[PDB]
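The next block is start.txt, given as compact mmCIF, N, CA and C atoms.
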# COMPACT_ATOMS: atom_id res chain seq x y z
N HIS A 529 2.54 -8.66 13.30
CA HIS A 529 3.40 -7.99 12.34
C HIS A 529 2.56 -7.47 11.17
N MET A 530 2.22 -6.19 11.25
CA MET A 530 1.42 -5.57 10.21
C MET A 530 1.82 -6.08 8.83
N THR A 531 0.91 -6.83 8.22
CA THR A 531 1.15 -7.39 6.90
C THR A 531 1.84 -6.35 6.00
N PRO A 532 2.41 -6.86 4.88
CA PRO A 532 3.10 -6.00 3.93
C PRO A 532 2.10 -5.18 3.11
N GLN A 533 0.87 -5.65 3.10
CA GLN A 533 -0.19 -4.98 2.36
C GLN A 533 -0.55 -3.66 3.03
N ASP A 534 -0.57 -3.69 4.35
CA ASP A 534 -0.90 -2.50 5.12
C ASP A 534 0.20 -1.45 4.93
N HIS A 535 1.44 -1.93 4.89
CA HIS A 535 2.58 -1.05 4.71
C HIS A 535 2.54 -0.45 3.31
N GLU A 536 1.90 -1.17 2.40
CA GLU A 536 1.79 -0.72 1.03
C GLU A 536 0.64 0.28 0.89
N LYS A 537 0.05 0.62 2.03
CA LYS A 537 -1.05 1.57 2.05
C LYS A 537 -0.53 2.96 1.70
N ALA A 538 0.76 3.15 1.91
CA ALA A 538 1.39 4.43 1.62
C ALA A 538 1.43 4.64 0.11
N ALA A 539 1.57 3.53 -0.61
CA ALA A 539 1.63 3.59 -2.06
C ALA A 539 0.38 4.29 -2.59
N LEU A 540 -0.74 4.03 -1.92
CA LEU A 540 -2.00 4.62 -2.31
C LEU A 540 -1.92 6.14 -2.14
N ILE A 541 -1.15 6.55 -1.14
CA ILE A 541 -0.98 7.97 -0.87
C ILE A 541 0.34 8.45 -1.47
N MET A 542 1.10 7.49 -1.98
CA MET A 542 2.38 7.80 -2.58
C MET A 542 2.21 8.64 -3.85
N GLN A 543 1.16 8.31 -4.60
CA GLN A 543 0.87 9.03 -5.83
C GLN A 543 0.50 10.48 -5.52
N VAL A 544 -0.38 10.63 -4.55
CA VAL A 544 -0.83 11.96 -4.15
C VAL A 544 0.31 12.69 -3.44
N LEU A 545 1.11 11.91 -2.72
CA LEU A 545 2.24 12.47 -2.00
C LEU A 545 3.11 13.29 -2.96
N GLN A 546 4.07 12.60 -3.56
CA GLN A 546 4.97 13.25 -4.50
C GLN A 546 4.63 12.84 -5.93
N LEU A 547 4.05 11.65 -6.05
CA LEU A 547 3.67 11.13 -7.35
C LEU A 547 4.81 10.29 -7.92
N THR A 548 5.48 9.58 -7.03
CA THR A 548 6.60 8.74 -7.43
C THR A 548 6.92 7.72 -6.33
N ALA A 549 6.75 6.45 -6.68
CA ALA A 549 7.02 5.37 -5.74
C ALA A 549 8.52 5.28 -5.49
N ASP A 550 9.28 5.79 -6.45
CA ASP A 550 10.73 5.77 -6.35
C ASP A 550 11.16 6.58 -5.12
N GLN A 551 10.47 7.69 -4.91
CA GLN A 551 10.77 8.56 -3.78
C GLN A 551 10.38 7.87 -2.47
N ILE A 552 9.23 7.23 -2.49
CA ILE A 552 8.73 6.53 -1.32
C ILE A 552 9.53 5.24 -1.12
N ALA A 553 10.03 4.72 -2.23
CA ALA A 553 10.81 3.50 -2.20
C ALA A 553 12.05 3.71 -1.33
N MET A 554 12.51 4.96 -1.29
CA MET A 554 13.68 5.31 -0.51
C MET A 554 13.33 5.38 0.98
N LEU A 555 12.04 5.29 1.26
CA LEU A 555 11.57 5.34 2.64
C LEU A 555 11.50 3.93 3.21
N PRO A 556 11.71 3.84 4.55
CA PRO A 556 11.67 2.55 5.23
C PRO A 556 10.23 2.05 5.37
N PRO A 557 10.11 0.78 5.85
CA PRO A 557 8.80 0.18 6.05
C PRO A 557 8.11 0.75 7.29
N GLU A 558 8.92 1.04 8.29
CA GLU A 558 8.40 1.59 9.53
C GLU A 558 7.99 3.05 9.34
N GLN A 559 8.21 3.53 8.13
CA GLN A 559 7.87 4.91 7.79
C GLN A 559 6.83 4.94 6.67
N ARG A 560 6.97 3.99 5.75
CA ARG A 560 6.05 3.90 4.63
C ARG A 560 4.60 4.05 5.11
N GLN A 561 4.21 3.13 5.99
CA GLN A 561 2.86 3.14 6.53
C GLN A 561 2.59 4.47 7.24
N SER A 562 3.66 5.07 7.73
CA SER A 562 3.55 6.34 8.43
C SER A 562 2.67 7.31 7.63
N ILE A 563 2.77 7.19 6.31
CA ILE A 563 1.99 8.04 5.43
C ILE A 563 0.50 7.78 5.66
N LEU A 564 0.18 6.53 5.92
CA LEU A 564 -1.20 6.14 6.17
C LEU A 564 -1.67 6.76 7.48
N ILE A 565 -0.78 6.76 8.46
CA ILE A 565 -1.09 7.31 9.77
C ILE A 565 -1.35 8.81 9.62
N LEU A 566 -0.45 9.47 8.91
CA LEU A 566 -0.57 10.91 8.70
C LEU A 566 -1.79 11.18 7.82
N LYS A 567 -2.04 10.27 6.89
CA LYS A 567 -3.16 10.40 5.99
C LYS A 567 -4.46 10.40 6.80
N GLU A 568 -4.47 9.59 7.85
CA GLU A 568 -5.64 9.48 8.70
C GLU A 568 -5.93 10.83 9.36
N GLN A 569 -4.87 11.53 9.70
CA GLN A 569 -5.00 12.83 10.34
C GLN A 569 -5.72 13.81 9.41
N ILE A 570 -5.36 13.73 8.13
CA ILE A 570 -5.96 14.60 7.13
C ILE A 570 -7.47 14.36 7.10
N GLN A 571 -7.84 13.11 7.31
CA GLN A 571 -9.25 12.73 7.30
C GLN A 571 -9.99 13.42 8.45
N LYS A 572 -9.27 13.60 9.55
CA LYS A 572 -9.85 14.24 10.72
C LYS A 572 -11.06 13.44 11.20
N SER A 573 -10.83 12.62 12.22
CA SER A 573 -11.88 11.80 12.77
C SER A 573 -11.46 11.25 14.13
N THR A 574 -10.34 10.54 14.12
CA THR A 574 -9.81 9.95 15.35
C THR A 574 -10.87 9.09 16.02
N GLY A 575 -10.70 7.78 15.90
CA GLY A 575 -11.63 6.84 16.49
C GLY A 575 -11.30 5.41 16.08
N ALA A 576 -10.12 4.96 16.48
CA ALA A 576 -9.67 3.62 16.15
C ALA A 576 -9.55 2.81 17.44
N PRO A 577 -9.67 1.46 17.29
CA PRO A 577 -9.57 0.57 18.43
C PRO A 577 -8.12 0.41 18.88

Taking this structure as input, can you express it in the form of structure tokens?
Amino acid sequence: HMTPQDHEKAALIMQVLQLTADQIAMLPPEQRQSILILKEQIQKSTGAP
């Protein structure tokens, strides 16, 4: 069960996202981290275990 810290990884991108945790707060946990997943795409690399 992906720790809550990992799910809070979106918060790091939350600021850059809209710049409001309140907006992201309205997002679910199964989606919050989603930002991290999408964020990874922006990085452009693809190479995870």

- Message: Need the shell around range 531-542 of chain A: protein/DNA/RNA residues with any atom at most 7 Å away, counting only C-alpha atoms. Skip same-chain ones fewer than 6 positions apart. Format as a list in words?
- Response: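 Result of the neighbour search: residues 548, 549, 552, 557, 560, 561, 563 and 564 of chain A.
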
Restricted to N, CA and C atoms, what would the selected residues look like written as an mmCIF file, in the frame of the given file?
data_model
loop_
_atom_site.group_PDB
_atom_site.id
_atom_site.type_symbol
_atom_site.label_atom_id
_atom_site.label_comp_id
_atom_site.auth_asym_id
_atom_site.auth_seq_id
_atom_site.Cartn_x
_atom_site.Cartn_y
_atom_site.Cartn_z
ATOM 1 N N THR A 548 5.480 9.580 -7.030
ATOM 2 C CA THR A 548 6.600 8.740 -7.430
ATOM 3 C C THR A 548 6.920 7.720 -6.330
ATOM 4 N N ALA A 549 6.750 6.450 -6.680
ATOM 5 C CA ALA A 549 7.020 5.370 -5.740
ATOM 6 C C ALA A 549 8.520 5.280 -5.490
ATOM 7 N N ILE A 552 9.230 7.230 -2.490
ATOM 8 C CA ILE A 552 8.730 6.530 -1.320
ATOM 9 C C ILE A 552 9.530 5.240 -1.120
ATOM 10 N N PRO A 557 10.110 0.780 5.850
ATOM 11 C CA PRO A 557 8.800 0.180 6.050
ATOM 12 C C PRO A 557 8.110 0.750 7.290
ATOM 13 N N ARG A 560 6.970 3.990 5.750
ATOM 14 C CA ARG A 560 6.050 3.900 4.630
ATOM 15 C C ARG A 560 4.600 4.050 5.110
ATOM 16 N N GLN A 561 4.210 3.130 5.990
ATOM 17 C CA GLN A 561 2.860 3.140 6.530
ATOM 18 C C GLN A 561 2.590 4.470 7.240
ATOM 19 N N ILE A 563 2.770 7.190 6.310
ATOM 20 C CA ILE A 563 1.990 8.040 5.430
ATOM 21 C C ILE A 563 0.500 7.780 5.660
ATOM 22 N N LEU A 564 0.180 6.530 5.920
ATOM 23 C CA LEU A 564 -1.200 6.140 6.170
ATOM 24 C C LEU A 564 -1.670 6.760 7.480
#

Would you return as a PDB file with N, CA and C atoms, in the coordinates of the input the members of chain A that DSSP assigns to helix (DSSP H, G or I) on this structure's backbone?
ATOM      1  N   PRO A 532       2.410  -6.860   4.880  1.00  0.00           N
ATOM      2  CA  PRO A 532       3.100  -6.000   3.930  1.00  0.00           C
ATOM      3  C   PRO A 532       2.100  -5.180   3.110  1.00  0.00           C
ATOM      4  N   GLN A 533       0.870  -5.650   3.100  1.00  0.00           N
ATOM      5  CA  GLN A 533      -0.190  -4.980   2.360  1.00  0.00           C
ATOM      6  C   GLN A 533      -0.550  -3.660   3.030  1.00  0.00           C
ATOM      7  N   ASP A 534      -0.570  -3.690   4.350  1.00  0.00           N
ATOM      8  CA  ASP A 534      -0.900  -2.500   5.120  1.00  0.00           C
ATOM      9  C   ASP A 534       0.200  -1.450   4.930  1.00  0.00           C
ATOM     10  N   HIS A 535       1.440  -1.930   4.890  1.00  0.00           N
ATOM     11  CA  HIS A 535       2.580  -1.050   4.710  1.00  0.00           C
ATOM     12  C   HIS A 535       2.540  -0.450   3.310  1.00  0.00           C
ATOM     13  N   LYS A 537       0.050   0.620   2.030  1.00  0.00           N
ATOM     14  CA  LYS A 537      -1.050   1.570   2.050  1.00  0.00           C
ATOM     15  C   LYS A 537      -0.530   2.960   1.700  1.00  0.00           C
ATOM     16  N   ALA A 538       0.760   3.150   1.910  1.00  0.00           N
ATOM     17  CA  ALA A 538       1.390   4.430   1.620  1.00  0.00           C
ATOM     18  C   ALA A 538       1.430   4.640   0.110  1.00  0.00           C
ATOM     19  N   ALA A 539       1.570   3.530  -0.610  1.00  0.00           N
ATOM     20  CA  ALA A 539       1.630   3.590  -2.060  1.00  0.00           C
ATOM     21  C   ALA A 539       0.380   4.290  -2.590  1.00  0.00           C
ATOM     22  N   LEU A 540      -0.740   4.030  -1.920  1.00  0.00           N
ATOM     23  CA  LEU A 540      -2.000   4.620  -2.310  1.00  0.00           C
ATOM     24  C   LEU A 540      -1.920   6.140  -2.140  1.00  0.00           C
ATOM     25  N   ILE A 541      -1.150   6.550  -1.140  1.00  0.00           N
ATOM     26  CA  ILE A 541      -0.980   7.970  -0.870  1.00  0.00           C
ATOM     27  C   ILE A 541       0.340   8.450  -1.470  1.00  0.00           C
ATOM     28  N   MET A 542       1.100   7.490  -1.980  1.00  0.00           N
ATOM     29  CA  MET A 542       2.380   7.800  -2.580  1.00  0.00           C
ATOM     30  C   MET A 542       2.210   8.640  -3.850  1.00  0.00           C
ATOM     31  N   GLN A 543       1.160   8.310  -4.600  1.00  0.00           N
ATOM     32  CA  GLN A 543       0.870   9.030  -5.830  1.00  0.00           C
ATOM     33  C   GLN A 543       0.500  10.480  -5.520  1.00  0.00           C
ATOM     34  N   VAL A 544      -0.380  10.630  -4.550  1.00  0.00           N
ATOM     35  CA  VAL A 544      -0.830  11.960  -4.150  1.00  0.00           C
ATOM     36  C   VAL A 544       0.310  12.690  -3.440  1.00  0.00           C
ATOM     37  N   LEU A 545       1.110  11.910  -2.720  1.00  0.00           N
ATOM     38  CA  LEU A 545       2.240  12.470  -2.000  1.00  0.00           C
ATOM     39  C   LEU A 545       3.110  13.290  -2.960  1.00  0.00           C
ATOM     40  N   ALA A 549       6.750   6.450  -6.680  1.00  0.00           N
ATOM     41  CA  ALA A 549       7.020   5.370  -5.740  1.00  0.00           C
ATOM     42  C   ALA A 549       8.520   5.280  -5.490  1.00  0.00           C
ATOM     43  N   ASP A 550       9.280   5.790  -6.450  1.00  0.00           N
ATOM     44  CA  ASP A 550      10.730   5.770  -6.350  1.00  0.00           C
ATOM     45  C   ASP A 550      11.160   6.580  -5.120  1.00  0.00           C
ATOM     46  N   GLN A 551      10.470   7.690  -4.910  1.00  0.00           N
ATOM     47  CA  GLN A 551      10.770   8.560  -3.780  1.00  0.00           C
ATOM     48  C   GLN A 551      10.380   7.870  -2.470  1.00  0.00           C
ATOM     49  N   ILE A 552       9.230   7.230  -2.490  1.00  0.00           N
ATOM     50  CA  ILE A 552       8.730   6.530  -1.320  1.00  0.00           C
ATOM     51  C   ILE A 552       9.530   5.240  -1.120  1.00  0.00           C
ATOM     52  N   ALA A 553      10.030   4.720  -2.230  1.00  0.00           N
ATOM     53  CA  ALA A 553      10.810   3.500  -2.200  1.00  0.00           C
ATOM     54  C   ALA A 553      12.050   3.710  -1.330  1.00  0.00           C
ATOM     55  N   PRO A 557      10.110   0.780   5.850  1.00  0.00           N
ATOM     56  CA  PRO A 557       8.800   0.180   6.050  1.00  0.00           C
ATOM     57  C   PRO A 557       8.110   0.750   7.290  1.00  0.00           C
ATOM     58  N   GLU A 558       8.920   1.040   8.290  1.00  0.00           N
ATOM     59  CA  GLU A 558       8.400   1.590   9.530  1.00  0.00           C
ATOM     60  C   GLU A 558       7.990   3.050   9.340  1.00  0.00           C
ATOM     61  N   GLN A 559       8.210   3.530   8.130  1.00  0.00           N
ATOM     62  CA  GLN A 559       7.870   4.910   7.790  1.00  0.00           C
ATOM     63  C   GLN A 559       6.830   4.940   6.670  1.00  0.00           C
ATOM     64  N   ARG A 560       6.970   3.990   5.750  1.00  0.00           N
ATOM     65  CA  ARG A 560       6.050   3.900   4.630  1.00  0.00           C
ATOM     66  C   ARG A 560       4.600   4.050   5.110  1.00  0.00           C
ATOM     67  N   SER A 562       3.660   5.070   7.730  1.00  0.00           N
ATOM     68  CA  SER A 562       3.550   6.340   8.430  1.00  0.00           C
ATOM     69  C   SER A 562       2.670   7.310   7.630  1.00  0.00           C
ATOM     70  N   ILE A 563       2.770   7.190   6.310  1.00  0.00           N
ATOM     71  CA  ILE A 563       1.990   8.040   5.430  1.00  0.00           C
ATOM     72  C   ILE A 563       0.500   7.780   5.660  1.00  0.00           C
ATOM     73  N   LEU A 564       0.180   6.530   5.920  1.00  0.00           N
ATOM     74  CA  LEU A 564      -1.200   6.140   6.170  1.00  0.00           C
ATOM     75  C   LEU A 564      -1.670   6.760   7.480  1.00  0.00           C
ATOM     76  N   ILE A 565      -0.780   6.760   8.460  1.00  0.00           N
ATOM     77  CA  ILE A 565      -1.090   7.310   9.770  1.00  0.00           C
ATOM     78  C   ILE A 565      -1.350   8.810   9.620  1.00  0.00           C
ATOM     79  N   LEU A 566      -0.450   9.470   8.910  1.00  0.00           N
ATOM     80  CA  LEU A 566      -0.570  10.910   8.700  1.00  0.00           C
ATOM     81  C   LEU A 566      -1.790  11.180   7.820  1.00  0.00           C
ATOM     82  N   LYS A 567      -2.040  10.270   6.890  1.00  0.00           N
ATOM     83  CA  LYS A 567      -3.160  10.400   5.990  1.00  0.00           C
ATOM     84  C   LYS A 567      -4.460  10.400   6.800  1.00  0.00           C
ATOM     85  N   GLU A 568      -4.470   9.590   7.850  1.00  0.00           N
ATOM     86  CA  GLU A 568      -5.640   9.480   8.700  1.00  0.00           C
ATOM     87  C   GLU A 568      -5.930  10.830   9.360  1.00  0.00           C
ATOM     88  N   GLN A 569      -4.870  11.530   9.700  1.00  0.00           N
ATOM     89  CA  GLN A 569      -5.000  12.830  10.340  1.00  0.00           C
ATOM     90  C   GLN A 569      -5.720  13.810   9.410  1.00  0.00           C
ATOM     91  N   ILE A 570      -5.360  13.730   8.130  1.00  0.00           N
ATOM     92  CA  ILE A 570      -5.960  14.600   7.130  1.00  0.00           C
ATOM     93  C   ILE A 570      -7.470  14.360   7.100  1.00  0.00           C
ATOM     94  N   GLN A 571      -7.840  13.110   7.310  1.00  0.00           N
ATOM     95  CA  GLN A 571      -9.250  12.730   7.300  1.00  0.00           C
ATOM     96  C   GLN A 571      -9.990  13.420   8.450  1.00  0.00           C
TER      97      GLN A 571
END

- Point-to-point distance in Å for atom N of residue 556 in chain A and atom N of residue 568 in chain A: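 Between atom N of residue 568 in chain A and atom N of residue 556 in chain A the gap is 17.5 Å.
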
- Message: As an exercise, work out the distance from CA of residue 572 in chain A to CA of residue 546 in chain A in Å and give it to one decimal place.
- Response: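 These two atoms are separated by 21.3 Å.
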
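Atom to atom, atom C of residue 545 in chain A and CA of residue 577 in chain A stand 27.9 Å apart.
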